[PDB]
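Asks: For reference, the structure I am asking about is given below.
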Amino acid sequence: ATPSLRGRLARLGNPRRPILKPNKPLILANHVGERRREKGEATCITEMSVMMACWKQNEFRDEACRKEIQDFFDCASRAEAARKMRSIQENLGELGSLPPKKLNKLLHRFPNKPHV
Amino acid sequence: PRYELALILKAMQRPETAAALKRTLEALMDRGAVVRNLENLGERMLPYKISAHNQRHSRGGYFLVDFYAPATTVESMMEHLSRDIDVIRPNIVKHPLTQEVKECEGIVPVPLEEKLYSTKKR
Amino acid sequence: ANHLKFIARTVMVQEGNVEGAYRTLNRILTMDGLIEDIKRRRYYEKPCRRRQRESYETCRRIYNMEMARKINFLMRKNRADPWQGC
Amino acid sequence: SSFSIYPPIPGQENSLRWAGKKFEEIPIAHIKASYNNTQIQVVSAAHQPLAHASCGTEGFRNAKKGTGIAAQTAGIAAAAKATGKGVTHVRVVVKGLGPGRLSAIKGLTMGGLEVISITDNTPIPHXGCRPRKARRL
RNA sequence: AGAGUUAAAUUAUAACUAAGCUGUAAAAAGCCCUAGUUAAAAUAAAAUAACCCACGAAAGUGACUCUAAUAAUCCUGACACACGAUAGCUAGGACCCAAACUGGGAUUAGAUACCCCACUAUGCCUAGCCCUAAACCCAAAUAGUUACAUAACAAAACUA
Ligand SMILES: [K+]
Ligand SMILES: [Mg+2]
Ligand SMILES: [Mg+2]
Ligand SMILES: [Mg+2]
Ligand SMILES: [Mg+2]
Ligand SMILES: [Mg+2]
Ligand SMILES: [Mg+2]
Ligand SMILES: [Mg+2]
Ligand SMILES: [Mg+2]
Ligand SMILES: [Mg+2]
Ligand SMILES: [Mg+2]
Ligand SMILES: [Mg+2]
Ligand SMILES: [Mg+2]
Ligand SMILES: [Mg+2]
Ligand SMILES: [Mg+2]
Ligand SMILES: [Mg+2]
Ligand SMILES: [Mg+2]
Ligand SMILES: [Mg+2]
Ligand SMILES: [Mg+2]
Ligand SMILES: [Mg+2]
Ligand SMILES: [Mg+2]
Ligand SMILES: [Mg+2]
Ligand SMILES: [Mg+2]
Ligand SMILES: [Mg+2]
Ligand SMILES: [Mg+2]
Ligand SMILES: [Mg+2]
Ligand SMILES: [Mg+2]
Numbered sequence: 002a003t004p005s006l007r008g009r010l011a012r013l014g015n016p017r018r019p020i021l022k023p024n025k026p027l028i029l030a031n032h033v034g035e036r037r038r039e040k041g042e043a044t045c046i047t048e049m050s051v052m053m054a055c056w057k058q059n060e061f062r063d064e065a066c067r068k069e070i071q072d073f074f075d076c077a078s079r080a081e082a083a084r085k086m087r088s089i090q091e092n093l094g095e096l097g098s099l100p101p102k103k104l105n106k107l108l109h110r111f112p113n114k115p116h117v
Numbered sequence: 002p003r004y005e006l007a008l009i010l011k012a013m014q015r016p017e018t019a020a021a022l023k024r025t026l027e028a029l030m031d032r033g034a035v036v037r038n039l040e041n042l043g044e045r046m047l048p049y050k051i052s053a054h055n056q057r058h059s060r061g062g063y064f065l066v067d068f069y070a071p072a073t074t075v076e077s078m079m080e081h082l083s084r085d086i087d088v089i090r091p092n093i094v095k096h097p098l099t100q101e102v103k104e105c106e107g108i109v110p111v112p113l114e115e116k117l118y119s120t121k122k123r
Numbered sequence: 002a003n004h005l006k007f008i009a010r011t012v013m014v015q016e017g018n019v020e021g022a023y024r025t026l027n028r029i030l031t032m033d034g035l036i037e038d039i040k041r042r043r044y045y046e047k048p049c050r051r052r053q054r055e056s057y058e059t060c061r062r063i064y065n066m067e068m069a070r071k072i073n074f075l076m077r078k079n080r081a082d083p084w085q086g087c
Numbered sequence: 060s061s062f063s064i065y066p067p068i069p070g071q072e073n074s075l076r077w078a079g080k081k082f083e084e085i086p087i088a089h090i091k092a093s094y095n096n097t098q099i100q101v102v103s104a105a106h107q108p109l110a111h112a113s114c115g116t117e118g119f120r121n122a123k124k125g126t127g128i129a130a131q132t133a134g135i136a137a138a139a140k141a142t143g144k145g146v147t148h149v150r151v152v153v154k155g156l157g158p159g160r161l162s163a164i165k166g167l168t169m170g171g172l173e174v175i176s177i178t179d180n181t182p183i184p185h186x187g188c189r190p191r192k193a194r195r196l
């Protein structure tokens, strides 16, 4: 449930001292904020480290590191595939919640009335 | 009842436990207290190790004493139990039955508050 | 220090995986708010900043939980309009 | 297959023995993951240390030792020294919050050591020493 | 305002293992009488509850227990009486930890600053003084009205 907004803000007819001092007025806007892009992180680290172990153990020659080298290539392709497809599908995937453009139109049909 | 004595005793055999309660109740009667009854909560493992009288205790017995005593004699009872070595942690609180359960009607729903801002065009 | 060990904030792995068990532990701490608490105890915030932080956390929790209700309330009005080109 | 997250309480008798020994008999792996270093120590059920390893001792130096990879290598090294002394399962206790928590956990997994229980024992003062002031970076 | 009490953390200190430990955007300096684990006083500060809004005249108060206890049969009122965060002073006691000043490192053209390490006054207890704050909810006290009516902005306007 929503926290009570009774006797919180600084008002003339308020005996209780202020509890909340908002930066901007608590008025619902007719639009929601855009989704925030997820910050990236380095990929293929658990596979690069094991690759470096074989290189240091065999004088930097891939004559015996073939198993590790291929997985590093596989991880690079796997990370490449996911990175070059996340942006397009996430816009309309919606995770069950309408994209920001649809919510803005929905809110405009039923706007908030501060005046009158 | 007016006062309740949350008494915790060190784990020991039957004879010394009876002796410890016998003298603890005797100390209460010397200060001018009419004890009502003695309640036994059995022996239980302590929630955490309690350091008292240069000992580390992990198991102890719980006992409860309720009595009527003058207000000025509470400090003497607390001071006396602190010097005793067979009691690990004494505490005195007013008996919960002294206060009556205040009558309740229900969870009154608080409506959302309006008229918090001017009606000018934002 | 005085309590028993390996009871609080402890999870046990199942079927031999450890990444899944660790994520369960993090959800336990995040829900109880310990993760943010440890972040704020690395340095010291003056009581002036503590109240100013609780006046921004509470205000956000009111606006977010109120805009959330309006979205759910108006969610049913998203079907195809039956009076298109009326 | 009813599996309970909570540990088997010592007071009760749970028929869950790993490698023929009880829950409390299994050694402990302490992980102190600070913001600049990750220290891993494995101790026996009697709190007798078996092996010790950290990002500093593995060749990583200065800022490098605070990264995740350094903690991952320390987990591999600590497990190898532990496995040499003949330990299969270990109950890992995580101390503090840092960038090396995840790497050290899977470092022991890939080093030839198996974990069964995870505990977080981050120092959480209940009101305690006043910490240092803020950094106006 | 008194009296009694301590959960979590930290430190003196002891045992064991390890050779490094702290620190940053990156480093150096410092430490190696050190770090990790186990055992553990004193001092200081009061996680979650608190998405609650209570008490006091204000400044203030939110770890536990007990004692004492919150004026007026319920208007306004000073230069008079009483009080007043924090910093500061005088005397004694305490000192985990934080920390103006100061010393070292780094940055910079310079850095007597921001950043890093060490430590003092002091923050703490008892008795006295000082009586200052953006002491600001920038909105005086007591009774009321929603009538009349939008400079602007903000926390709508007004009468006795
Ligand atoms: K507390
Ligand atoms: Mg009031
Ligand atoms: Mg403003
Ligand atoms: Mg303690
Ligand atoms: Mg006092
Ligand atoms: Mg040096
Ligand atoms: Mg030490
Ligand atoms: Mg001392
Ligand atoms: Mg408040
Ligand atoms: Mg008054
Ligand atoms: Mg009154
Ligand atoms: Mg008067
Ligand atoms: Mg003063
Ligand atoms: Mg002062
Ligand atoms: Mg002073
Ligand atoms: Mg002078
Ligand atoms: Mg002095
Ligand atoms: Mg000092
Ligand atoms: Mg210091
Ligand atoms: Mg200098
Ligand atoms: Mg004020
Ligand atoms: Mg004024
Ligand atoms: Mg005023
Ligand atoms: Mg006046
Ligand atoms: Mg009055
Ligand atoms: Mg009024
Ligand atoms: Mg205009």
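As given, the protein sequences belong to chains Ac, AE, AQ and Ai, one line each in that order.
Residues 2 to 117 (the authors' numbering) are what the first sequence spells out, left to right.
Residues 2 to 123 (the authors' numbering) are what the second sequence spells out, left to right.
Residues 2 to 87 (the authors' numbering) are what the third sequence spells out, left to right.
Residues 60 to 196 (the authors' numbering) are what the fourth sequence spells out, left to right.
We put the CB at the ideal spot given by N, CA and C, even for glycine.
Find the residues of chain Ac that neighbour residue 131 of chain Ai, judging by a C-beta separation of less than 7 Å, and give them in chain order.
Replies: In the fourth sequence, residue 131 of chain Ai corresponds to position 72, counting from 1. Correct list: 50.
Asks: DSSP three-state label for residue 147 of chain Ai, please.
Replies: Residue mapping note: residue 147 of chain Ai aligns to position 88 of the fourth sequence, counting from 1. Correct three-state label for residue 147 of chain Ai: coil.
Asks: How many angstroms separate the CA atom of residue 44 of chain AE from the CA atom of residue 51 of chain Ac?
Replies: On the second sequence, position 43 is the one that residue 44 of chain AE refers to. On the first sequence, position 50 is the one that residue 51 of chain Ac refers to. Going by the C-alpha atoms only, they are around 57 Å apart.
Asks: Put residue 31 of chain AE into one of helix, strand or coil per three-state DSSP.
Replies: Counting from one through the second sequence, the residue named residue 31 of chain AE turns up at place 30. In the structure shown, residue 31 of chain AE sits in a helix (DSSP, three-state: H, G or I).
Asks: Can you name the residues of chain AQ whose CB is closer than 9 Å to the CB of residue 33 of chain Ac?
Replies: For the purposes of this step, residue 33 of chain Ac is taken as the residue at position 32 of the first sequence. The answer, in chain order, is 68 and 72.
Asks: In whole angstroms, what separates the C-alpha of residue 90 of chain Ai from that of residue 11 of chain AE?
Replies: Locating residue 90 of chain Ai in the fourth sequence gives position 31, counting from the first residue. Locating residue 11 of chain AE in the second sequence gives position 10, counting from the first residue. Each residue's Cα considered, the two are about 37 Å apart.
Asks: To the nearest angstrom, report how far apart residue 105 of chain AE and residue 99 of chain AE are at their CA atoms.
Replies: In the second sequence, residue 105 of chain AE corresponds to position 104, counting from 1. In the second sequence, residue 99 of chain AE corresponds to position 98, counting from 1. Roughly 18 Å separates the two Cα atoms.
Asks: May I ask which residues mark the beginning and end of the beta strand (DSSP E) holding residue 69 of chain AE?
Replies: On the second sequence, residue 69 of chain AE is found 68 positions in, with the first residue counted as 1. Residues 57-69.
Asks: For residue 65 of chain AQ, decide whether its Cβ has a neighbour in chain AE, counting only Cβ atoms nearer than 8 Å.
Replies: Numbered from its first residue, the third sequence carries residue 65 of chain AQ at position 64. Not one chain AE Cβ lies under 8 Å of residue 65 of chain AQ.
Asks: If you measure from the beta carbon of residue 57 of chain AQ to each beta carbon in chain Ai, is any gap under 8 Å?
Replies: The residue you call residue 57 of chain AQ lines up with position 56 of the third sequence. No, because no Cβ of chain Ai sits closer than 8 Å to the Cβ of residue 57 of chain AQ.
Asks: Quick check: the Cα distance between residue 3 of chain Ac and residue 63 of chain AQ, rounded to an integer number of angstroms?
Replies: Position 2 of the first sequence, counting from 1, holds the residue named residue 3 of chain Ac. Position 62 of the third sequence, counting from 1, holds the residue named residue 63 of chain AQ. If you take the alpha carbons of residue 3 of chain Ac and residue 63 of chain AQ, they lie about 6 Å apart.
Asks: To which residues of the same chain is residue 99 of chain Ac closer than 8 Å at the C-beta, ignoring the five residues directly before and after it?
Replies: Residue mapping note: residue 99 of chain Ac aligns to position 98 of the first sequence, counting from 1. Same-chain partners within the cutoff: 107.
Asks: In the stretch 3-23 of chain Ac, which residues sit with their C-beta less than 9 Å from some C-beta in chain AE, listed in chain order?
Replies: From the stretch 3-23 of chain Ac, only 3, 5, 6, 7, 8, 9, 10 and 12 have a Cβ closer than 9 Å to chain AE.
Asks: Would you say residue 109 of chain Ac faces chain AE, with C-beta separation under 8 Å as the test?
Replies: Working through the first sequence from its first residue, we reach residue 109 of chain Ac at position 108. By this cut-off, residue 109 of chain Ac is not an interface position.
Asks: Does the distance from the C-beta atom of residue 87 of chain Ai to that of residue 12 of chain AQ stay below 8 Å?
Replies: On the fourth sequence, residue 87 of chain Ai is found 28 positions in, with the first residue counted as 1. On the third sequence, residue 12 of chain AQ is found 11 positions in, with the first residue counted as 1. Result no, Cβ atoms of residue 87 of chain Ai and residue 12 of chain AQ do not sit closer than 8 Å.
Asks: Which value, in whole angstroms, describes the spacing of the CA atoms of residue 17 of chain AQ and residue 25 of chain Ac?
Replies: Counted from its first residue, the third sequence places residue 17 of chain AQ at position 16. Counted from its first residue, the first sequence places residue 25 of chain Ac at position 24. Their backbone Cα atoms lie some 51 Å apart in a straight line.
Asks: Grab me the residues of residue 58 of chain AE's own chain with a C-beta within less than 7 Å of its C-beta, minus the 5 sequence neighbours each way, in chain order.
Replies: Working through the second sequence from its first residue, we reach residue 58 of chain AE at position 57. Excluding positions up to five away in sequence, the list reads 11, 47, 50, 51 and 89.
Asks: Starting from residue 98 of chain Ai, follow its DSSP beta bridges and name the residues at the other end.
Replies: Locating residue 98 of chain Ai in the fourth sequence gives position 39, counting from the first residue. According to DSSP, residue 98 of chain Ai bridges with Ai/91 and Ai/113.
Asks: Return helix, strand or coil for residue 174 of chain Ai, following the three-state DSSP convention.
Replies: Position 115 of the fourth sequence holds residue 174 of chain Ai. If DSSP states are grouped into helix, strand and coil, residue 174 of chain Ai belongs with the strands.
Asks: For chain AQ, check one thing: does any of its Cβ atoms lie closer than 8 Å to the Cβ of residue 181 of chain Ai?
Replies: Taking the first residue of the fourth sequence as 1, we reach residue 181 of chain Ai at position 122. Taking Cβ atoms only, chain AQ reaches closer than 8 Å to residue 181 of chain Ai, which makes this a yes.
Asks: Taking just the CA atoms, how far does residue 55 of chain AE sit from residue 145 of chain Ai?
Replies: For the purposes of this step, residue 145 of chain Ai is identified with residue 86 of the fourth sequence, where counting begins at 1. For the purposes of this step, residue 55 of chain AE is identified with residue 54 of the second sequence, where counting begins at 1. The straight-line gap from Cα to Cα measures roughly 40 Å.
Asks: Note down, in chain order, every chain AQ residue with its Cβ under 9 Å from the Cβ of residue 99 of chain Ac.
Replies: Stepping through the first sequence from its first residue, residue 99 of chain Ac is reached at position 98. 72, 76 and 79, listed in chain order.
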